[PDB]
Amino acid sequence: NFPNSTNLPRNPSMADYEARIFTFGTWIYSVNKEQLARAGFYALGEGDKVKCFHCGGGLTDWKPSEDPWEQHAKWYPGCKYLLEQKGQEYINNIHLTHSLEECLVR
């Protein structure tokens, strides 16, 4: 299913931070859940799979080193929530970084 790039969220029931934070429960995984919720992610109950309330973007198999906002921007750069909370400059920083990380090896 394609990512949502409209200014309207795909899952408006998860639009409030408090709604999202309730989805995790006891969270054993490597990335802090409050951080995941602030980046707009709620939990699916399927290991450490999160989905963005706005773009619907899904992310799984999180490493301890990884940042929710960075991961959000890498995989779901079209997201209007991300663009609202972080601004296009941040997004360009993140993408230049990830594209330069890729090239410093491949």
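Numbers follow the displayed sequence, beginning with 1. Each form is matched to the other, and the largest set of C-alpha atoms that superpose within 1.5 Å is called the rigid core.
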query	finding
Between stretches 22-30 and 51-59, more displaced by Cα RMS in 6 other deposited structures of this protein (rigid core superposition)	22-30
74-82 versus 61-69 - greater average Cα B-factor per the deposited record	61-69
Third of the chain, ranked by Cα B-factor, where residue 44 sits	middle
CA B-factor placement of residue 52, once the chain's modelled residues are sorted into thirds	lowest
Ranked C-alpha temperature factor of residue 6 among modelled chain residues, by third	middle
Residue 94 - Cα temperature factor, lowest/middle/highest third of chain	middle
